[PDB]
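Note sheet for the following structure.
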Amino acid sequence: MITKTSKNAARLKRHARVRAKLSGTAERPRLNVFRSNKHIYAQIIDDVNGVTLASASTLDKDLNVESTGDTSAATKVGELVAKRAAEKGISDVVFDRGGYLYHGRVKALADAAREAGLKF
Amino acid sequence: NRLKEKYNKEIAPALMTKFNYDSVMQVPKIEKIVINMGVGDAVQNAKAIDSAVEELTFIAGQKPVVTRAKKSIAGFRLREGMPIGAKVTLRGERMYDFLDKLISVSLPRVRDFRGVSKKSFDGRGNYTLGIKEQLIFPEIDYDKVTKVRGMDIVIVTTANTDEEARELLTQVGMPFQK
Amino acid sequence: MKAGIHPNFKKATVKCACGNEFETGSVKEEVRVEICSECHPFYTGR
Amino acid sequence: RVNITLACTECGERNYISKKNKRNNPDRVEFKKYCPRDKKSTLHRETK
Amino acid sequence: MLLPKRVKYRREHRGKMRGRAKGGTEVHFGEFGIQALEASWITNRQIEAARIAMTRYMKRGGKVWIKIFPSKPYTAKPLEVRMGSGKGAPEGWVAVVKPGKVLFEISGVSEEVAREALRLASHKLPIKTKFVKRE
RNA sequence: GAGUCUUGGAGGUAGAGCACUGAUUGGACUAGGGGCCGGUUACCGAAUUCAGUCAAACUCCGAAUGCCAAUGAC
RNA sequence: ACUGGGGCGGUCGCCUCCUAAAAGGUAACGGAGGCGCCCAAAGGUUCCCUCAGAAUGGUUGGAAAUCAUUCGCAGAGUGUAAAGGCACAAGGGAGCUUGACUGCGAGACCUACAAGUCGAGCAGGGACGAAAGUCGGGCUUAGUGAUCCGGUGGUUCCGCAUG
RNA sequence: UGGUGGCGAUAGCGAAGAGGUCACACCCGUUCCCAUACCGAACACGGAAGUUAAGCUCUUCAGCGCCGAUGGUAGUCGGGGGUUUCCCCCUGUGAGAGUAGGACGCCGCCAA
RNA sequence: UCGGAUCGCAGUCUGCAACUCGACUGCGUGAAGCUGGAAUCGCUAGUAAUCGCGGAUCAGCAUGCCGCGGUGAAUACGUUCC
RNA sequence: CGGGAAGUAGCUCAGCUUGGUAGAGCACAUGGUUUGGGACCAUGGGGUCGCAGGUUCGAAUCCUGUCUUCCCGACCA
RNA sequence: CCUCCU
Ligand SMILES: [K+]
Ligand SMILES: [K+]
Ligand SMILES: [Mg+2]
Ligand SMILES: [Mg+2]
Ligand SMILES: [Mg+2]
Ligand SMILES: [Mg+2]
Ligand SMILES: [Mg+2]
Ligand SMILES: [Mg+2]
Ligand SMILES: [Mg+2]
Ligand SMILES: [Mg+2]
Ligand SMILES: [Mg+2]
Ligand SMILES: [Mg+2]
Ligand SMILES: [Mg+2]
Ligand SMILES: [Zn+2]
Ligand SMILES: [Zn+2]
C-alpha cells in the first residue's frame with residue numbers, strides 16, 4: 001500500500017507558515033489566493049475583524065475567458081479584485097500566496113493586481 | 001510500452017471483476033519501483049560507489065542518488081554521512097519499461113532460476129525481490145564488470161493486502177514459485 | 001528528467017534467438033538475448 | 001583559532017576585528033563590510 | 001538483603017515523615033497483613049529479620065508479600081570525625097513507613113497461623129503495628 | 001506611605017499523582033539465556049499486559065499563604 | 001585566605017540544576033555537573049521539510065549499513081553541562097549571502113560601587129525576499145579580567161619664542 | 001458546497017454508514033514557465049476520458065482521548081493544646097484522585 | 001588444454017560374500033600444489049637421473065620388494081675440516 | 001582514618017598521557033640438531049586488559065564506584 | 001657443558 005498525503009493538507013501547513021508572519025488589517029488587508037484544479041479565487045480580508053472586503057474568481061460572469069485553469073485567467077482575476085478593491089477604497093495590501101509557490105498562476109494574479117492598482 | 005497497455009486494457013478490468021470493487025479507482029496499480037544497491041564495502045574501497053552507480057545507471061536508465069549513512073556504526077566501521085549505497089526511483093514509463101525487461105529477459109538469465117518467492121510481500125501488498133548478479137540485466141556487459149554485486153528491487157503498489165498485490169503481479173508475467 | 005545528468009535512453013527491441021520479439025526502452029540500440037520468458041522452462045513448463 | 005583585523009581595501013582603515021580558525025581558513029579571509037570613512041560597503045580583507 | 005539495583009543519587013536528604021501513608025493501606029494481594037501504627041524508617045536488615053520470622057513459622061507454606069521496599073539510601077560519617085568536610089558515605093537502605101501502611105501480607109495459611117506469624121515479625125520491627133484482614 | 005476589603009496576575013512548594021525520568025512489588029505472559037537432550041525443566045529473565053508502591057535534583061496536576069498590581073471604599 | 005582550633009588535605013572566577021519553604025533573594029568544607037570555547041557556517045535570509053524506535057518484506061548483510069511499507073507528540077534533534085524552551089519548530093534540507101553592520105538609542109531589568117542584561121525606534125549603507133518583512137551572530141543562559149604601563153593603525157586635536 | 005477566520009480536543013482519535021450536475025478532489029498529460037541531492041512522486045504548467053475509492057462534506061456512536069461539578073478527604077493562613085522525628089483542637093480556606101455529568105463542534109465573513 | 005586429490009552417479013571382475021574393507025572402468029567433480037624453513041639423503045659410470053617390462057606372494061588386491069633391459073649425464077682440484 | 005600509586009598471556013614488563021593496532025622478554029608448543037640431554041637453529045600458538053557502571057559510533061586508553069596489593073601521612077598538646 | 005642407581 002501507499003497512503004498518499006493530501007496536497008491541500010500539505011498546502012495548509014505551508015499556508016499556516018505564511019500566516020504566522022502575515023495578516024490583514026482594515027488599513028492594509030490580506031489579498032489571499034486559493035487555486036483549485038479548475039479555477040482561481042482571490043479574497044481581500046482583514047483578520048482583526050475577520051471579514052472579506054472584496055473578491056474575484058473565475059466563477060464570476062464578468063470574465064469571458066475560455067480556460068479558467070490557465071495563467072491568463074489569473075491575470076483577469078487579478079485585475080478584477082484590484083478594481084473591486086479600489087471601489088471599497090483599498091490601495092495597500094499584503095499578498096498571501098496561500099501556501100502556493102509565488103510562481104505561475106498565483107504570480108500572474110499578483111502581477112495583474114499590482115498593475116491594476118494595488119500597492120505591494 | 002506493452003505492459004502499461006496490458007495493465008489498462010486487460011489487467012485492471014480483470015481485477016475489478018476478480019475482487020468485486022465498487023469503483024475502478026479501487027483497482028491496485030504499481031506506484032513505483034525503487035532499486036537499491038547497498039554498498040557497505042564503500043567504507044573500505046572508495047571506488048565501490050562509483051562502480052555501483054555506473055551499473056545501476058545503465059540498469060535503471062536514470063542517474064541514481066547516492067544514499068549516505070544515517071548513523072555512525074562501530075561494528076561496520078561506518079561513520080555518519082559516508083556514502084554506503086545508491087537508490088533509483090522509477091515511475092511511469094521508465095518503471096514499466098524496466099519491469100517488462102525484468103520479467104521478460106533478466107529473471108530468465110538468473111542462474112538456476114526456479115521462480116521468485118510467494119513469501120516476499122511486506123504484509124500490506126508491496127513486493128521486494130533480491131537480485132544477486134547484475135549480469136542478468138542486458139545493459140550490463142560481462143567484460144566491464146569486475147566486482148559482482150546484486151540489488152534489492154522494491155515493487156510498491158496501491159494494493160492494501162498481499163492477495164490483491166499477488167494477483168496484480170501474477171497478471172503481469174512475473175514468475176511466482178509454483 | 002533534468003537534462004545532461006542522465007544517460008541516453010530510447011527504443012531498443014529485444015530478440016530471443018528462440019524467436020520472441022518486442023520493443024522496450026533501454027540504453028542499447030539492439031539488445032539480443034539467448035533466453036527470455038517464452039523460452040525459459042519455469043515459465044513454459046517442463 | 002585566532003583574532004583577525006579586517007582592513008578596508010579602499011581606504012585602509014582597520015574597521016573590524018573577528019576570529020577565524022587558521023586550520024579551516026588558512027588564506028586571508030575577505031568580507032564586504034560597511035566602511036565608516038567611505039560611508040559604503042567595501043571589501044575588507046584580513047590584515048597580513 | 002533488599003536494596004535497589006541502581007539509584008539516581010547515592011546521597012539523599014533524610015526528608016520528613018508527616019501524614020498517613022499515601023497508599024498501601026489495605027491488604028491487597030494477601031488475606032492478612034500487618035499495618036504500621038507509627039512512622040519510622042525500616043531498614044532492609046529489619047525487613048529480612050521480619051520476613052524470616054514470619055516465613056519460618058509458616059514453614060515456607062502459603063505466600064508472603066513485602067509491600068515496603070528499602071529504596072532510600074542513608075549516609076553515615078566515619079566514627080569520631082568532626083562536623084563538615086562534605087556529606088558522609090552511603091551506609092544502608094531504608095523504607096519510609098507512615099501510619100496506615102500495610103508492611104507485609106500473608107496468604108495460604110489459617111488466620112490463627114497468620115496472626116502468630118505476623119506477631120513474631122512485629123517484634124523485629126521498630127514500630128507498633130496492628131494485624132489486619134482484607135475486605 | 002501603610003492596613004483591610006474587592007478584583008486581576010506571575011509562580012510549581014504542601015498535598016497528591018504516575019502522563020515523563022528513575023526506583024520498585026505480585027500475577028499473567030513469554031523473546032532470550034542457564035542446568036538437563038535441533039530436544040526438556042519450579043532456574044533466571046527482557047519486552048508486553050493486569051494490578052500495586054515510591055521520589056530534594058519525577059510531574060498529567062496542584063493549594064493555603066506569601067508576592068506584584070489595579071480600583072474605589074473604610 | 002577560607003577552615004566546626006591550627007597544620008596537612010581541599011577550595012578560590014564564571015555557568016546550570018537541587019537544597020530554596022509555588023515572586024525575587026537566601027547559608028554550610030551541603031547534593032550534582034559544566035566553562036576558560038567552538039562554528040566562515042554550526043551566522044543572515046528566502047523557500048521547502050519532519051524526528052527516535054519498532055514491526056514486516058528484501059542480494060551481499062549480521063542484533064544493527066543502505067531500500068520499501070506501516071505504526072509513530074516526539075519516546076529524536078537542538079556544536080557543548082544542566083535547566084527552561086522548541087514539531088505555525090528554536091529540529092532537518094537547499095539557493096543566495098556576510099547585519100558575526102557603522103552612528104546610536106525612548107525606556108526598562110539587575111545592582112553598594114565597578115560592571116552586567118534587554119530594547120522598540122531613528123539615520124547611514126547593505127543581505128535575502130515578488131512583497132510583507134527579517135537581519136546589529138549562534139534556542140536561551142558559561143567561553144572571561146579593572147587600572148597603570150607598553151605596542152600597532154587612524155586622526156580637521158595639542159606642540160613650552162616661532163616653523 | 002467551496003474559500004477564509006475566531007474559539008482551551010466539549011473541536012481530537014477510532015468505528016459504522018451516506019453523498020457529488022456545479023463546487024472540492026482524486027484523475028489524464030509533460031509542448032511551454034518551473035521542478036527532482038534520482039524520480040512530472042512532489043512542486044510547476046496544461047487538460048477533462050474516468051471516479052466518489054481516498055481526501056473533502058454530512059449522519060450515527062461514549063471503546064480511547066478531552067472537558068467536569070457537588071460532597072468528602074489531604075494539605076494549609078491565623079489562633080490554641082500535647083504524650084513534640086510527630087500529633088490533636090477551633091474560626092477560615094481547600095486540592096489531587098475518584099465520581100455524577102458534558103461531549104462525536106460552537107461562532108463569523110465572502111463567493112456560488 | 002598444468003595437477004588429478006576428493007566426492008556423486010553408472011559399471012566390470014574375482015569371490016559363498018567386496019557395508020565396515022578389494023582392484024579396475026566410464027561419465028561427472030576438478031582439492032592442495034607456482035619447486036618447498038631450519039635441516040638432511042643417495043650416487044664416482046653404463047653409475048646417478050629418467051622410461052617402461054617381468055616375477056614371487058596371490059581368487060582378487062603392490063606407489064612395496066626382488067629382478068630386467070631402454071635412454072644416459074655432471075664432477076673429483078684436493079685431504080684442511082665433518 | 002586521610003592521601004597516593006598500581007592491577008594487561010604462565011611469570012616479569014611496555015602500551016594509558018594523544019580513543020580506532022592488544023605488544024615485548026622469558027616460558028609454552030611443533031620441527032631440526034645430539035646416542036640422549038643442555039645450549040643453539042627454524043616455525044607457531046596463547047590474553048581482551050581486576051570487577052561493575054558511565055561517556056562515546058567505538059574504551060586497555062577518558063569518567064565514576066568497588067575490590068585486591070603496595071606506599072606515604074597521622075603533627076601542637 | 002652434562003651423561004641416574006645396582
Ligand atoms: K569543634
Ligand atoms: K542557509
Ligand atoms: Mg510530597
Ligand atoms: Mg587562617
Ligand atoms: Mg580543621
Ligand atoms: Mg595546602
Ligand atoms: Mg517563597
Ligand atoms: Mg523563588
Ligand atoms: Mg599601578
Ligand atoms: Mg615650539
Ligand atoms: Mg477535583
Ligand atoms: Mg665407490
Ligand atoms: Mg597377483
Ligand atoms: Zn524467449
Ligand atoms: Zn574605507
Side-chain angles (χ1 to χ4, degrees), chain A residues 1-2 4 6 8-9 13 16-17 19-22 32 34 36-37 41 43 45 47 50-52 55 57 59 69-70 94-95 101-104 107 110 120, chain B residues 21-26 32 34 36 38-40 62-65 67 69 71-76 78-80 84-85 87-91 94 120-124 126 128-132 149-152 154 156, chain C residues 2, chain D residues 1 13-14 18 20-21 24-25 29 31-34 36 39-41, chain E residues 4 6-9 11-13 15-19 22-24 28-29 39 65-67 69 71 78 81-87:
Chain A
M1 61 190 311
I2 178 69
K4 308 173 189 181
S6 172
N8 197 65
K13 286 191 78 182
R17 177 161 70 234
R19 286 296 319 294
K21 301 172 67 164
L22 186 134
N32 177 79
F34 174 66
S36 73
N37 296 358
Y41 308 74
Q43 289 185 47
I45 311 159
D47 297 297
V51 179
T52 306
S55 67
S57 60
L59 300 181
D70 82 311
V94 278
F95 189 66
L101 183 75
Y102 185 76
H103 179 88
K107 180 170 173 177
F120 53 104
Chain B
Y21 294 128
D22 299 4
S23 178
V24 297
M25 291 286 107
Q26 297 208 248
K32 54 175 179 183
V34 185
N36 170 53
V39 187
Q62 307 176 177
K63 191 226 186 184
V65 70
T67 64
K71 299 164 66 65
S72 297
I73 311 185
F76 305 132
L78 181 58
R79 302 308 312 291
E80 188 183 353
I84 56 159
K87 71 158 169 175
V88 59
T89 310
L90 266 50
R91 297 163 185 286
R94 299 308 203 76
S120 296
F121 291 75
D122 65 337
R124 296 164 196 294
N126 310 307
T128 318
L129 66 98
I131 303 305
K132 300 180 185 179
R149 44 172 50 266
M151 49 207 77
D152 306 282
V154 191
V156 180
Chain C
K2 54 168 76 165
Chain D
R1 191 168 266 282
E13 285 288 356
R14 300 184 177 174
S18 204
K20 69 169 201 174
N21 203 312
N24 307 334
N25 289 251
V29 299
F31 296 105
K32 210 183 293 186
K33 294 198 77 74
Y34 184 78
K39 300 172 191 169
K40 59 182 184 173
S41 204
Chain E
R6 55 192 256 241
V7 283
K8 193 180 202 287
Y9 292 102
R11 301 184 173 68
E12 293 189 16
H13 290 166
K16 298 286 175 187
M17 275 183 311
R18 296 182 208 70
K22 294 177 68 163
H28 174 264
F29 298 95
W65 291 262
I66 309 177
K67 300 297 300 308
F69 188 92
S71 54
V81 296
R82 291 191 179 177
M83 286 288 299
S85 63
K87 188 160 172 67

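Chain identifiers are assigned alphabetically (A, B, ...) following the order of the sequence lines, protein sequences preceding nucleic acid strands; residue numbering begins at 1 within each chain.
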Checklist entry - Is H:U85 the Watson-Crick or G-U wobble partner of H:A53, both distances being under 3.5 Å? => result no

Next on the checklist: Quick test of your reading: by the Watson-Crick or G-U wobble rule with a 3.5 Å threshold, is F:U4 paired to F:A73?
Outcome noted: yes

Checklist entry - Of the non-hydrogen atoms in E:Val7 and E:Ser71, which two are nearest, and what is the gap between them? => result CG1-O, 4.4 Å

Next on the checklist: Can you tell me if G:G99 puckers north or south, using the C1'-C2'-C3'-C4' torsion sign?
Outcome noted: south

Checklist entry - Relative to the 5' end of RNA chain H, which residue comes earlier, B:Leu90 or E:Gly15, by the nucleotide with the nearest heavy atom? => result B:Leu90

Item to check | Under 4.0 Å protein heavy-atom contacts per nucleotide of nucleotides 50-65 of chain G, with B for base, S for backbone only and - for none | outcome: ---S--BBBBBBB-BB

Checklist entry - What about J:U64 and J:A52: are they a Watson-Crick or G-U wobble pair, with both distances under 3.5 Å? => result yes

Next on the checklist: Can you measure B:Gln26 atom CD to H:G55 atom P for me and round it to whole angstrom units?
Outcome noted: 12 Å

Checklist outcome for this item: On RNA chain H, more 5' by nearest nucleotide between B:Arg91 and A:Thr52 is B:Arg91

Next on the checklist: Under 4.0 Å, counting only non-hydrogen atoms across every strand here, what does B:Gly85 touch: a base, just sugar-phosphate, or nothing?
Outcome noted: sugar-phosphate

Next on the checklist: Would the base of H:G40 count as contacting B:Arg94 through its side chain, where contact means a donor and an acceptor less than 3.5 Å apart?
Outcome noted: no

Item to check | Watson-Crick/G-U partner (both atom distances under 3.5 Å) of H:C58 | outcome: H:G17

Checklist entry - According to a 3.5 Å limit on both distances, what stems of 3 or more consecutive Watson-Crick or G-U pairs are formed with RNA chain I? => result I:7-13 with I:22-28, I:49-55 with I:65-71

Checklist entry - In this structure, are over 12 heavy atoms from other groups packed under 6.0 Å from D:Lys39 atom NZ? => result no

Item to check | Pairing between H:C13 and H:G50, Watson-Crick or wobble, both under 3.5 Å | outcome: no

Item to check | P atoms of I:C2 and I:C27, separation to the nearest Å | outcome: 15 Å

Checklist entry - Would you call G:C149 and G:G136 a Watson-Crick or G-U wobble pair if both distances must be under 3.5 Å? => result no

Item to check | Donor-acceptor pair under 3.5 Å, A:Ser36 side chain vs H:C24 base | outcome: no

Checklist outcome for this item: Across every strand shown, the nucleotide meeting Watson-Crick or G-U wobble geometry with H:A23 (both distances under 3.5 Å) is none

Checklist outcome for this item: 5' to 3', nucleotides 53-62 of chain F under a 4.0 Å protein heavy-atom cut-off (B base, S sugar-phosphate only, - none) gives SSSBBS----

Next on the checklist: Tell me if J:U48 is syn or anti. Syn = glycosidic torsion within 90° of 0, anti otherwise.
Outcome noted: syn

Item to check | Atom-to-atom span, CZ of E:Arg6 to P of F:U21 - whole angstrom | outcome: 12 Å

Checklist entry - Is there a side-chain polar atom (N or O) of D:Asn24 under 4.0 Å from OP1 or OP2 of G:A40? => result yes

Checklist entry - With both distances kept under 3.5 Å, what pairs with G:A20, Watson-Crick or G-U wobble? => result none

Checklist outcome for this item: Applying the 3.5 Å cut-off to both distances, the Watson-Crick or G-U partner of G:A83 turns out to be G:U140

Checklist entry - Which part of the nucleic acid does B:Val34 contact within heavy-atom distance under 4.0 Å: base, sugar-phosphate only, or nothing? => result sugar-phosphate

Item to check | Modelled atom types, side-chain donor and acceptor of B:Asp122 and B:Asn126, under 3.5 Å | outcome: yes

Next on the checklist: Whole angstroms only, please: what is the NZ-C1' distance between B:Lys32 and G:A68?
Outcome noted: 7 Å

Item to check | Parallel, tilted or perpendicular, as decided by the 30° and 60° cut-offs, for the rings of A:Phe95 and A:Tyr102 | outcome: perpendicular

Checklist entry - Would you say G:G72 pairs with G:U144 if a pair means Watson-Crick or G-U wobble with both distances under 3.5 Å? => result no

Next on the checklist: Within this structure, what is the CH2-CZ distance for the pair E:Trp65 and E:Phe29, rounded to the nearest 0.5 Å?
Outcome noted: 8.5 Å

Protein-nucleic acid N or O pairs under 3.5 Å, nucleotides 72-78 of chain H:
none

Checklist entry - NA contact type, D:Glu13, heavy-atom cut-off 4.0 Å: base, sugar-phosphate, or nothing? => result sugar-phosphate

Checklist entry - Which glycosidic conformation, syn or anti, is assigned to H:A37 if syn requires a torsion within 90° of zero? => result syn

Item to check | Sugar-phosphate, base or nothing in reach of D:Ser18, heavy atoms under 4.0 Å | outcome: base

Checklist entry - Are H:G55 and H:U99 base-paired in the Watson-Crick or G-U wobble sense, both distances less than 3.5 Å? => result no

Checklist entry - For J:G7, what is the paired nucleotide under Watson-Crick or G-U wobble rules, both distances under 3.5 Å? => result J:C67

Checklist entry - Taking atom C1' of H:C87 as reference, at what distance in whole Å does atom CE of E:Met17 sit? => result 13 Å

Checklist entry - Expressed in angstrom and rounded to an integer, what is the separation of A:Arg19 atom CZ from G:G133 atom P? => result 15 Å

Checklist outcome for this item: When rounded to whole Å, the CG to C1' distance for the pair A:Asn37 and H:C22 reads 15 Å

Checklist entry - Any idea if G:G4 is syn or anti, going by the 90°-from-0 cut? => result syn

Checklist entry - Which part of the nucleic acid, if any, lies within contact of B:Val65, taking any heavy atom under 4.0 Å across all strands shown: a base, the sugar-phosphate backbone alone, or nothing? => result base

Checklist entry - For H:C104, does the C1'-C2'-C3'-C4' torsion put the sugar north or south? => result south

Item to check | G:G25 and G:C14 as Watson-Crick or wobble pair, distances under 3.5 Å | outcome: no

Item to check | Any-strand Watson-Crick or G-U partner of G:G61, both distances under 3.5 Å | outcome: none

Item to check | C1' gap between G:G145 and G:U16, integer Å | outcome: 22 Å

Checklist entry - Watson-Crick or G-U wobble, both distances under 3.5 Å: is that what G:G77 and G:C96 have going on? => result no

Next on the checklist: Looking at the base of H:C33, is there any donor atom on it, or on the side chain of A:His103, that sits under 3.5 Å from an acceptor on the other one?
Outcome noted: yes

Checklist outcome for this item: Taking a pair to mean Watson-Crick or G-U wobble geometry with both distances below 3.5 Å, H:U36 pairs with none

Item to check | Length of the line joining A:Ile2:CD1 and G:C71:P, which is rounded to integer Å | outcome: 10 Å

Next on the checklist: Categorize A:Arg17 for me: base, sugar-phosphate, or nothing, with a 4.0 angstrom heavy-atom threshold over every strand shown.
Outcome noted: base

Checklist entry - Between the base of H:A54 and the side chain of B:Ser23, is there any donor-acceptor pair under 3.5 Å? => result no

Checklist entry - Whole-Å distance between G:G151 P and D:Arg14 CZ? => result 16 Å

Item to check | Summary of protein contacts for nucleotides 123-132 of chain G, nucleotide by nucleotide, where a base hit scores B, a sugar-phosphate-only hit scores S (4.0 Å, heavy atoms) | outcome: -BS----BSS

Next on the checklist: Run B:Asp152 and B:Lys87 through salt bridge (charged side-chain N to carboxylate O under 4.0 Å, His left out) and show every step you take.
Outcome noted: CA-CA 9 Å; B:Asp152 306 282; B:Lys87 71 158 169 175; over 6 Å; no

Next on the checklist: Please classify the nucleic acid contact of B:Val88 as base, sugar-phosphate, or nothing, using heavy-atom distances under 4.0 Å.
Outcome noted: base

Next on the checklist: Run the side-chain hydrogen bond (donor to acceptor under 3.5 Å, both in side chains) test on B:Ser72 and B:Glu80 for me, step by step, so that the C-alpha distance in whole Å, both residues' side-chain angles and the decisive distance to 0.1 Å come before the verdict.
Outcome noted: CA-CA 4 Å; B:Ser72 297; B:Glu80 188 183 353; 5.0 Å; no

Checklist outcome for this item: Readout for nucleotides 44-51 of chain F: B = base within 4.0 Å of protein heavy atom, S = sugar-phosphate only, - = neither; 5' to 3' it is -------B

Checklist entry - In the strands shown, is J:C28 matched to any nucleotide by a Watson-Crick or G-U wobble pair with both distances under 3.5 Å, and which? => result J:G44

Checklist entry - Is there a Watson-Crick or G-U wobble pair formed by G:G9 and G:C29, both distances less than 3.5 Å? => result yes

